[PDB]
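File shown: structure_25.pdb (PDB, C-alpha atoms).
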MODEL        1
ATOM      1  CA  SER A   1      19.834  60.178-103.856
ATOM      2  CA  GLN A   2      19.937  56.470-102.785
ATOM      3  CA  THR A   3      16.547  55.680-104.413
ATOM      4  CA  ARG A   4      16.554  59.065-106.355
ATOM      5  CA  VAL A   5      19.274  57.948-108.763
ATOM      6  CA  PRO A   6      19.066  60.318-111.811
ATOM      7  CA  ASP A   7      17.629  58.528-114.852
ATOM      8  CA  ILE A   8      19.472  58.867-118.193
ATOM      9  CA  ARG A   9      16.165  59.391-120.080
ATOM     10  CA  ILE A  10      15.395  62.447-117.959
ATOM     11  CA  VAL A  11      19.016  63.708-118.482
ATOM     12  CA  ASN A  12      18.786  63.133-122.286
ATOM     13  CA  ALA A  13      15.408  64.998-122.277
ATOM     14  CA  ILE A  14      16.959  67.989-120.390
ATOM     15  CA  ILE A  15      20.063  67.942-122.639
ATOM     16  CA  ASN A  16      17.872  67.938-125.799
ATOM     17  CA  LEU A  17      15.723  70.875-124.594
ATOM     18  CA  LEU A  18      18.862  72.859-123.580
ATOM     19  CA  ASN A  19      20.493  72.309-126.955
ATOM     20  CA  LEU A  20      23.801  73.763-125.719
ATOM     21  CA  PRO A  21      27.315  73.024-126.951
ATOM     22  CA  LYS A  22      29.854  71.276-124.689
ATOM     23  CA  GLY A  23      31.421  73.773-122.255
ATOM     24  CA  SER A  24      28.262  75.886-121.808
ATOM     25  CA  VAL A  25      27.210  77.020-118.314
ATOM     26  CA  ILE A  26      23.811  76.304-116.774
ATOM     27  CA  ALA A  27      22.115  77.307-113.513
ATOM     28  CA  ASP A  28      20.233  74.488-111.681
ATOM     29  CA  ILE A  29      17.665  76.268-109.469
ATOM     30  CA  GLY A  30      16.381  74.037-106.672
ATOM     31  CA  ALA A  31      19.214  71.556-107.208
ATOM     32  CA  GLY A  32      18.192  69.522-104.128
ATOM     33  CA  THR A  33      20.724  66.708-103.676
ATOM     34  CA  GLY A  34      22.567  67.740-106.899
ATOM     35  CA  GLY A  35      22.096  64.378-108.647
ATOM     36  CA  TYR A  36      20.933  66.065-111.887
ATOM     37  CA  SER A  37      23.573  68.836-111.428
ATOM     38  CA  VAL A  38      26.342  66.182-111.442
ATOM     39  CA  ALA A  39      24.605  64.109-114.142
ATOM     40  CA  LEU A  40      24.448  67.203-116.446
ATOM     41  CA  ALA A  41      27.996  68.258-115.447
ATOM     42  CA  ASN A  42      29.083  64.783-116.646
ATOM     43  CA  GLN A  43      27.512  65.577-120.069
ATOM     44  CA  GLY A  44      30.121  68.359-120.601
ATOM     45  CA  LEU A  45      28.459  71.356-118.907
ATOM     46  CA  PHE A  46      29.493  73.724-116.097
ATOM     47  CA  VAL A  47      26.664  73.839-113.500
ATOM     48  CA  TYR A  48      25.862  76.530-110.897
ATOM     49  CA  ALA A  49      23.702  74.610-108.343
ATOM     50  CA  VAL A  50      21.376  76.776-106.204
ATOM     51  CA  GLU A  51      19.585  75.055-103.262
ATOM     52  CA  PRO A  52      18.355  76.653 -99.932
ATOM     53  CA  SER A  53      18.642  73.370 -97.916
ATOM     54  CA  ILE A  54      21.946  73.431 -96.002
ATOM     55  CA  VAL A  55      21.413  69.658 -95.390
ATOM     56  CA  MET A  56      21.060  68.735 -99.150
ATOM     57  CA  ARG A  57      24.437  70.583 -99.868
ATOM     58  CA  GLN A  58      26.311  68.148 -97.541
ATOM     59  CA  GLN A  59      24.446  65.152 -99.097
ATOM     60  CA  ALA A  60      26.110  65.862-102.519
ATOM     61  CA  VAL A  61      29.019  64.685-104.718
ATOM     62  CA  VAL A  62      31.867  67.239-104.968
ATOM     63  CA  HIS A  63      32.347  67.616-108.736
ATOM     64  CA  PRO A  64      34.937  69.837-110.518
ATOM     65  CA  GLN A  65      32.305  71.332-112.910
ATOM     66  CA  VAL A  66      29.563  71.925-110.274
ATOM     67  CA  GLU A  67      29.559  75.113-108.108
ATOM     68  CA  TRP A  68      27.280  75.010-105.048
ATOM     69  CA  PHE A  69      25.295  78.043-103.838
ATOM     70  CA  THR A  70      22.992  77.999-100.774
ATOM     71  CA  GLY A  71      20.091  80.392-101.351
ATOM     72  CA  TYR A  72      16.482  80.759-102.438
ATOM     73  CA  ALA A  73      15.155  80.845-106.016
ATOM     74  CA  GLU A  74      13.730  84.390-105.547
ATOM     75  CA  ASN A  75      17.149  85.953-104.857
ATOM     76  CA  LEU A  76      20.018  84.358-106.771
ATOM     77  CA  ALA A  77      23.584  85.574-105.953
ATOM     78  CA  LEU A  78      24.591  84.865-109.586
ATOM     79  CA  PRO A  79      25.328  87.911-111.766
ATOM     80  CA  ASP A  80      23.232  89.178-114.681
ATOM     81  CA  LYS A  81      23.895  87.223-117.897
ATOM     82  CA  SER A  82      26.191  84.673-116.163
ATOM     83  CA  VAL A  83      24.752  81.409-117.567
ATOM     84  CA  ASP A  84      23.867  80.082-121.030
ATOM     85  CA  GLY A  85      20.899  78.021-119.778
ATOM     86  CA  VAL A  86      18.741  77.439-116.726
ATOM     87  CA  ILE A  87      17.019  74.318-115.377
ATOM     88  CA  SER A  88      14.682  73.396-112.479
ATOM     89  CA  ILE A  89      13.972  69.661-112.221
ATOM     90  CA  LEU A  90      10.879  68.919-110.066
ATOM     91  CA  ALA A  91      11.613  71.910-107.799
ATOM     92  CA  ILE A  92       9.545  75.034-108.788
ATOM     93  CA  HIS A  93       6.582  73.818-106.692
ATOM     94  CA  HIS A  94       8.790  74.329-103.636
ATOM     95  CA  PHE A  95       9.437  78.045-104.448
ATOM     96  CA  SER A  96       7.616  80.682-102.332
ATOM     97  CA  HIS A  97       7.552  83.552-104.940
ATOM     98  CA  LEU A  98       7.363  81.769-108.308
ATOM     99  CA  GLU A  99       7.081  84.949-110.405
ATOM    100  CA  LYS A 100      10.214  86.570-108.945
ATOM    101  CA  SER A 101      12.046  83.172-109.339
ATOM    102  CA  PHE A 102      11.104  83.220-113.035
ATOM    103  CA  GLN A 103      12.287  86.866-113.358
ATOM    104  CA  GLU A 104      15.567  85.760-111.710
ATOM    105  CA  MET A 105      16.049  82.967-114.299
ATOM    106  CA  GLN A 106      15.550  85.460-117.119
ATOM    107  CA  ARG A 107      18.022  87.890-115.439
ATOM    108  CA  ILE A 108      20.876  85.341-115.294
ATOM    109  CA  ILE A 109      20.366  83.781-118.735
ATOM    110  CA  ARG A 110      22.226  84.701-121.980
ATOM    111  CA  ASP A 111      21.046  83.102-125.353
ATOM    112  CA  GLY A 112      19.885  79.657-124.228
ATOM    113  CA  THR A 113      16.703  78.172-122.875
ATOM    114  CA  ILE A 114      14.909  77.709-119.562
ATOM    115  CA  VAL A 115      13.947  74.010-119.130
ATOM    116  CA  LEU A 116      11.518  73.184-116.253
ATOM    117  CA  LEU A 117      10.497  69.567-115.418
ATOM    118  CA  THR A 118       7.226  70.178-113.578
ATOM    119  CA  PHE A 119       3.740  68.722-113.300
ATOM    120  CA  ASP A 120      -0.003  69.145-113.148
ATOM    121  CA  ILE A 121      -1.853  66.258-111.386
ATOM    122  CA  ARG A 122      -5.116  67.586-112.998
ATOM    123  CA  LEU A 123      -3.702  66.308-116.367
ATOM    124  CA  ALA A 124      -2.826  62.835-115.047
ATOM    125  CA  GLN A 125      -4.731  59.688-115.915
ATOM    126  CA  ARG A 126      -6.304  57.539-113.130
ATOM    127  CA  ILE A 127      -3.481  55.917-111.030
ATOM    128  CA  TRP A 128      -3.994  53.149-108.442
ATOM    129  CA  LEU A 129      -1.335  54.775-106.159
ATOM    130  CA  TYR A 130      -3.633  57.479-104.796
ATOM    131  CA  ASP A 131      -6.253  54.990-103.648
ATOM    132  CA  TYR A 132      -3.668  53.808-101.055
ATOM    133  CA  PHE A 133      -1.718  57.070-100.489
ATOM    134  CA  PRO A 134      -4.155  60.044-100.986
ATOM    135  CA  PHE A 135      -1.692  62.539 -99.489
ATOM    136  CA  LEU A 136       0.527  62.252-102.621
ATOM    137  CA  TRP A 137      -2.378  63.401-104.804
ATOM    138  CA  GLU A 138      -3.479  66.119-102.377
ATOM    139  CA  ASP A 139       0.070  67.504-102.141
ATOM    140  CA  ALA A 140       0.397  67.565-105.928
ATOM    141  CA  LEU A 141      -3.009  69.278-106.280
ATOM    142  CA  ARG A 142      -1.759  72.251-104.169
ATOM    143  CA  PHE A 143       0.427  73.437-107.052
ATOM    144  CA  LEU A 144      -0.764  75.593-109.979
ATOM    145  CA  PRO A 145      -2.398  74.384-113.209
ATOM    146  CA  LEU A 146       0.046  73.955-116.158
ATOM    147  CA  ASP A 147      -1.531  76.919-118.020
ATOM    148  CA  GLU A 148      -0.915  79.272-115.054
ATOM    149  CA  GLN A 149       2.713  78.030-114.899
ATOM    150  CA  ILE A 150       3.183  78.550-118.651
ATOM    151  CA  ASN A 151       1.602  82.026-118.418
ATOM    152  CA  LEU A 152       3.800  83.165-115.418
ATOM    153  CA  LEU A 153       6.959  82.019-117.190
ATOM    154  CA  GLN A 154       5.887  83.534-120.507
ATOM    155  CA  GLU A 155       5.011  86.915-118.864
ATOM    156  CA  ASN A 156       8.441  87.148-117.099
ATOM    157  CA  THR A 157      10.582  85.835-120.011
ATOM    158  CA  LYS A 158       9.181  87.487-123.203
ATOM    159  CA  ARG A 159      10.090  84.336-125.202
ATOM    160  CA  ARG A 160       7.468  81.833-126.382
ATOM    161  CA  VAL A 161       6.932  79.116-123.776
ATOM    162  CA  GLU A 162       5.975  75.577-124.895
ATOM    163  CA  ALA A 163       5.120  72.400-122.976
ATOM    164  CA  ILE A 164       5.460  68.628-123.672
ATOM    165  CA  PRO A 165       4.536  65.537-121.692
ATOM    166  CA  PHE A 166       7.258  63.452-120.093
ATOM    167  CA  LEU A 167       5.461  60.066-120.042
ATOM    168  CA  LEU A 168       6.984  57.909-117.314
ATOM    169  CA  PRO A 169       8.729  54.649-118.325
ATOM    170  CA  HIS A 170       7.976  51.636-116.114
ATOM    171  CA  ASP A 171      11.678  51.212-115.038
ATOM    172  CA  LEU A 172      12.808  54.705-113.919
ATOM    173  CA  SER A 173      15.863  54.704-111.609
ATOM    174  CA  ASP A 174      14.650  57.976-110.041
ATOM    175  CA  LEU A 175      12.033  56.896-107.492
ATOM    176  CA  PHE A 176      10.024  60.068-107.164
ATOM    177  CA  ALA A 177       6.350  59.850-106.013
ATOM    178  CA  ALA A 178       4.612  58.123-109.022
ATOM    179  CA  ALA A 179       7.759  56.501-110.527
ATOM    180  CA  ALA A 180       6.991  52.993-109.084
ATOM    181  CA  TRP A 181       3.536  53.017-110.867
ATOM    182  CA  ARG A 182       4.154  49.527-112.344
ATOM    183  CA  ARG A 183       6.079  48.226-109.278
ATOM    184  CA  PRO A 184       3.555  48.547-106.385
ATOM    185  CA  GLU A 185       5.697  46.507-103.986
ATOM    186  CA  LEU A 186       8.417  49.196-104.022
ATOM    187  CA  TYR A 187       6.141  51.482-101.923
ATOM    188  CA  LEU A 188       6.289  48.949 -99.067
ATOM    189  CA  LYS A 189      10.067  49.652 -98.712
ATOM    190  CA  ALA A 190      10.884  52.277 -96.028
ATOM    191  CA  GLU A 191      13.853  53.496 -98.128
ATOM    192  CA  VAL A 192      11.669  54.125-101.183
ATOM    193  CA  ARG A 193       9.281  56.170 -98.995
ATOM    194  CA  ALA A 194      12.342  57.946 -97.458
ATOM    195  CA  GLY A 195      13.183  59.371-100.918
ATOM    196  CA  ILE A 196       9.627  60.795-101.369
ATOM    197  CA  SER A 197       9.153  63.788 -99.019
ATOM    198  CA  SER A 198       5.331  63.583 -99.005
ATOM    199  CA  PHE A 199       5.552  60.336 -96.952
ATOM    200  CA  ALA A 200       7.630  61.896 -94.095
ATOM    201  CA  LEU A 201       5.385  64.971 -94.158
ATOM    202  CA  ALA A 202       2.133  62.896 -94.179
ATOM    203  CA  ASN A 203       0.143  61.735 -91.075
ATOM    204  CA  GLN A 204       2.046  58.526 -90.209
ATOM    205  CA  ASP A 205      -0.995  56.475 -89.092
ATOM    206  CA  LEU A 206      -2.434  57.298 -92.566
ATOM    207  CA  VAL A 207       0.746  56.127 -94.369
ATOM    208  CA  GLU A 208       0.648  52.994 -92.220
ATOM    209  CA  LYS A 209      -3.016  52.221 -93.100
ATOM    210  CA  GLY A 210      -2.074  52.655 -96.804
ATOM    211  CA  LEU A 211       0.813  50.195 -96.278
ATOM    212  CA  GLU A 212      -1.511  47.679 -94.566
ATOM    213  CA  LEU A 213      -4.130  47.902 -97.326
ATOM    214  CA  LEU A 214      -1.488  47.731-100.095
ATOM    215  CA  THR A 215       0.148  44.664 -98.413
ATOM    216  CA  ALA A 216      -3.210  42.849 -98.041
ATOM    217  CA  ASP A 217      -4.280  43.657-101.641
ATOM    218  CA  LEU A 218      -0.918  42.479-103.047
ATOM    219  CA  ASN A 219      -1.130  39.187-101.039
ATOM    220  CA  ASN A 220      -4.759  38.177-101.814
ATOM    221  CA  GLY A 221      -4.871  39.065-105.547
ATOM    222  CA  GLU A 222      -7.057  42.205-104.973
ATOM    223  CA  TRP A 223      -4.508  44.634-106.438
ATOM    224  CA  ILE A 224      -4.240  42.508-109.627
ATOM    225  CA  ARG A 225      -8.057  42.247-109.850
ATOM    226  CA  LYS A 226      -8.519  46.036-109.438
ATOM    227  CA  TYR A 227      -5.431  47.358-111.247
ATOM    228  CA  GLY A 228      -3.504  44.497-112.985
ATOM    229  CA  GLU A 229      -3.978  45.777-116.577
ATOM    230  CA  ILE A 230      -1.487  48.580-115.816
ATOM    231  CA  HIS A 231       1.318  45.925-116.045
ATOM    232  CA  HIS A 232       0.887  45.767-119.860
ATOM    233  CA  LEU A 233       1.724  49.495-120.318
ATOM    234  CA  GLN A 234       5.350  50.426-121.125
ATOM    235  CA  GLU A 235       4.649  54.067-120.128
ATOM    236  CA  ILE A 236       1.970  56.225-118.483
ATOM    237  CA  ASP A 237       1.010  59.907-118.203
ATOM    238  CA  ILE A 238       0.943  61.060-114.565
ATOM    239  CA  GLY A 239       0.918  64.762-115.518
ATOM    240  CA  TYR A 240       4.703  65.323-115.704
ATOM    241  CA  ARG A 241       5.535  68.098-118.165
ATOM    242  CA  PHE A 242       8.572  69.951-119.524
ATOM    243  CA  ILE A 243       7.840  73.703-119.729
ATOM    244  CA  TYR A 244      10.509  75.469-121.815
ATOM    245  CA  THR A 245      11.324  78.678-123.652
ATOM    246  CA  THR A 246      11.743  78.879-127.438
ATOM    247  CA  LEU A 247      12.723  81.701-129.897
TER     248      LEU A 247
ENDMDL
END
Whole structure given in structure tokens:
Amino acid sequence: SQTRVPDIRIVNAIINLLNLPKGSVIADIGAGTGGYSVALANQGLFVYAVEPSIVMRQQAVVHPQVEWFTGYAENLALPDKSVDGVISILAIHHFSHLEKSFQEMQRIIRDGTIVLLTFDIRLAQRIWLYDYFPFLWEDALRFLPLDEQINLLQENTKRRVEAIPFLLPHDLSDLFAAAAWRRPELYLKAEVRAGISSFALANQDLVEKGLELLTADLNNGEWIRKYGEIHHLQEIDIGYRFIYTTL
């Protein structure tokens, strides 16, 4: 959460889908560093942050309205009907038993809504990024199609599930994988790559060849020749989607 600074447009999107009054309680499943947990707590919500990573607990702001729980999504220590709403912001793809995690969200929730910021790379438009860093695409392609995700949630919630695109602005503060789509030079920075787990997990010689090719293309006008029209877009669809329950 140095380059993964929560973006207010994502927070406003989550807040709008939650549609909860001030003083409501939400569970944040797969809270990671807790940036969104704190960001939503600062909107006037109590947040129960659940994250298995013992590391990511320590790397987190102590906040009066955030309670931290170390555990897995498939077995929440939170009681039945203990929260008004539930969120998982770019986390569900890291869960090992997605169905049981969904059942768990339904178990803890009262009258509110489940808001998931997720993705399907199969729904994304052509992005230059993957021509330099194929591992990002390959890692994204491991996760389920949006329809399967919608269906699993819908089956374990018995509330209508809907989905909407979250088109990415060109100036997102939260530097997740495809967020620097209009700022190619940001990928050359070690710290930007440090905030995107796919880089550390990828074959390093591969990452390095991508860096060399990106650097050459940026310095000899090749990137502009091949991809420069992308600079005129204010936003792009890279398959990011909000899945959420309704009445």
Would you list the contacts of residue A:133 as a ChimeraX atom specification, taking every protein, DNA or RNA residue within 8 Å and counting all atoms listed in the file, but skipping same-chain residues closer than 4 positions in sequence?
/A:129,137,206-207,210
With the PyMOL selection byres ((chain A and resi 108) around 8) as the selection, what would be picked from this file? Answer as an MDAnalysis selection string, please.
chainID A and resid 78:83 104:107 109:110
Using all atoms listed in the file, the residue out of A:154, A:2, A:234, A:215 with shortest distance to residue A:168 is A:234
Here is a test: counting only C-alpha atoms, which residue of A:183, A:161, A:26, A:60 is nearest to residue A:228?
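Nearest candidate to residue A:228 out of A:183, A:161, A:26, A:60: A:183.
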Looking at all atoms listed in the file, which of A:72, A:176, A:135, A:102 is the one that sits closest to residue A:204?
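Residue with the minimum atom-to-atom distance to residue A:204: A:135.
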Would you translate the PyMOL selection byres ((chain A and resi 185) around 12) into the concrete set of residues it matches in this file, as a CSV table (one decimal) with C-alpha atoms, keeping the file's coordinate frame?
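Saved result, selection.csv, follows:
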chain,number,residue,atom,x,y,z
A,129,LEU,CA,-1.3,54.8,-106.2
A,180,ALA,CA,7.0,53.0,-109.1
A,181,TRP,CA,3.5,53.0,-110.9
A,182,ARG,CA,4.2,49.5,-112.3
A,183,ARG,CA,6.1,48.2,-109.3
A,184,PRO,CA,3.6,48.5,-106.4
A,186,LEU,CA,8.4,49.2,-104.0
A,187,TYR,CA,6.1,51.5,-101.9
A,188,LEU,CA,6.3,48.9,-99.1
A,189,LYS,CA,10.1,49.7,-98.7
A,190,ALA,CA,10.9,52.3,-96.0
A,192,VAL,CA,11.7,54.1,-101.2
A,193,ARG,CA,9.3,56.2,-99.0
A,211,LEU,CA,0.8,50.2,-96.3
A,212,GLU,CA,-1.5,47.7,-94.6
A,213,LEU,CA,-4.1,47.9,-97.3
A,214,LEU,CA,-1.5,47.7,-100.1
A,215,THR,CA,0.1,44.7,-98.4
A,216,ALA,CA,-3.2,42.8,-98.0
A,217,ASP,CA,-4.3,43.7,-101.6
A,218,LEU,CA,-0.9,42.5,-103.0
A,219,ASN,CA,-1.1,39.2,-101.0
A,223,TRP,CA,-4.5,44.6,-106.4
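With atom CA of residue A:6 on one side and atom CA of residue A:22 on the other, the separation reads 20.1 Å.
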At what distance in Å, to one decimal, does atom CA of residue A:89 lie from atom CA of residue A:66?
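Pair atom CA of residue A:66 / atom CA of residue A:89 returns 15.9 Å.
Nearest to residue A:103 of all the residues A:126, A:57, A:158, A:225 is A:158, counting only C-alpha atoms.
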Please identify all polymer residues within 9 Å of stretch 140-153 of chain A, counting only C-alpha atoms, omitting same-chain residues fewer than 2 positions from it, and present them as a PyMOL selection string.
chain A and resi 93+98-99+102-103+118-123+135-138+155-159+161-163+241+243-245
Give as a PyMOL selection string each residue that has an atom at most 10 Å from (32.0, 63.0, -109.4) in the file, counting all atoms listed in the file.
chain A and resi 38-39+41-42+60-66
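Picture a line from atom CA of residue A:173 to atom CA of residue A:67; it runs 24.8 Å.
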Care to translate the PyMOL selection byres ((chain A and resi 17) around 12) into actual residues of this file, as a list in words?
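So the PyMOL selection byres ((chain A and resi 17) around 12) ends up selecting residues 10, 11, 12, 13, 14, 15, 16, 18, 19, 20, 85, 86, 87, 112, 113, 114, 115, 116, 117, 162, 163, 164, 242, 243, 244, 245 and 246 of chain A.
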So that I can see what lies close to residue A:25, please list as a compact mmCIF listing (two decimals) with C-alpha atoms, keeping the file's coordinate frame the residues with an atom at most 6 Å from it, counting only C-alpha atoms and leaving out residues fewer than 2 positions away in the same chain.
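Full text of selection.txt as output:
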# COMPACT_ATOMS: atom_id res chain seq x y z
CA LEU A 45 28.46 71.36 -118.91
CA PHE A 46 29.49 73.72 -116.10
CA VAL A 47 26.66 73.84 -113.50
CA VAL A 83 24.75 81.41 -117.57
CA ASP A 84 23.87 80.08 -121.03
Who sits within 10 Å of residue A:73, only C-alpha atoms, same chain under 5 positions skipped, as a PyMOL selection string
chain A and resi 28-30+50-52+88+91-92+94-98+100-105
Expected answer as a PyMOL selection string: all residues with atoms within 10 Å of (5.5, 45.6, -118.8), only C-alpha atoms:
chain A and resi 169-171+182-183+229-235
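In terms of minimum interatomic distance to residue A:124, A:167 ranks closest within A:167, A:200, A:70, A:208, counting all atoms listed in the file.
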